[PDB]
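Next up: a single chain in structure tokens, the form deposited in one PDB entry.
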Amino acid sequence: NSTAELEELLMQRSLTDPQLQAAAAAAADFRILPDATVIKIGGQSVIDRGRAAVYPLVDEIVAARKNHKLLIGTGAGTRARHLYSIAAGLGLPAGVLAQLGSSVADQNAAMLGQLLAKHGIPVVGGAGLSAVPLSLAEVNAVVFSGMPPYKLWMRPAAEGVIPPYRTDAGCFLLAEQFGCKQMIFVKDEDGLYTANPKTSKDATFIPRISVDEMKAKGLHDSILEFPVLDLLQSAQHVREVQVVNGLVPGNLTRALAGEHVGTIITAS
């Protein structure tokens, strides 16, 4: 392998050529924001619950940014489920639903950002390259809206019109693209169980599991979007994720400190 070999292949073959694909894979790997952690604040699981859930997390974020650089993405939640129900009932396709869901993640980012503004933490577009706020001890964090950009170009699921890449995928891919050190999903359960804990009384807690193991037990579409598990297996930079309960005081803070709260889901 050489630049020369790569540049020659890049000029002379289709991008679909295996020989080109292989030469590209040997390229150097730059991490753009290696010291940042991406956190997703759930829409239905946290922000829709209002002050009792949101205020303690705002306090944790303010405290945590003293020691940790954070990119904080928002989920969507019940208003997006309502838009999806109306639009699916009209026969609209996944790409149209995708656009509708973005608006709800943006509302949630605005609400969280307004609670954080006096603390110096902005809502931004372009979180991964928010170079200035992330370089300042006075700031050290930004808020972003967690939907991906695909919108009308969203790939549909194999069945139905609900967009399969939503705010879990949006936040995950930002962590992956920017080469961040850690990805934490903040939800309303302690982590992953052997079945949905809201519905099953004797579900058993799982502290640590691989994607293959989850699939083998049918946990593909439980506490995370199933397509995220597949993105995770293909990821170059973020090869595990942690799922924690944001309703437990200090849980986010503890996860940022390296405590093994919640569930760790590994690519392999």
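The first residue of the sequence shown is number 1, and the count goes up from there. Shifts are known only where both forms have a C-alpha. Rigid core (definition): largest C-alpha set, two forms, superposition within 1.5 Å.
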Looking at the deposited entry, does 157-165 or 190-198 carry the larger mean Cα B-factor?
190-198
Mean C-alpha B-factor comparison - 200-208 and 63-71, higher one
200-208
Can you tell me which of 108, 102, 130, 85 has the highest Cα temperature factor in the record?
130
From 216, 39, 235, 47, residue of greatest CA B-factor
216
Third of the chain's Cα B-factor distribution that residue 134 belongs to, per the entry:
highest
Grab the CA temperature factor for residue 229 from the record and place it in the lowest, middle or highest third of its chain.
highest
Which third of the chain holds residue 223 when residues are ordered by C-alpha B factor: lowest, middle or highest?
highest
Modelled-residue ranking by C-alpha temperature factor, third containing residue 53
middle
So where's residue 26 on the chain's Cα temperature factor ranking, which third?
highest
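As for the form deposited in another entry, it is not shown, yet the points below apply to it.
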Rigid core as reference, CA moved 2 Å or more between this form and the one not shown - which of 152, 90, 136, 117?
136
Residue 104 C-alpha relocation of at least 2 Å between this form and the one not shown, rigid core basis:
no
Align on the rigid core first; then say whether the Cα of residue 127 has moved by at least 2 Å between this form and the one not shown.
yes
Relative to what we see here, could you say if residue 35 and residue 134 have their Cα atoms closer or farther apart in that other deposited form, with a change of 3 Å or more?
farther
Where do residue 33 and residue 136 end up in that other deposited form, Cα atoms closer or farther than shown, with a change of 3 Å or more?
closer
Are there runs of at least three residues between this form and the one not shown whose C-alphas all move 2 Å or more relative to the rigid core, and where are they?
125-138
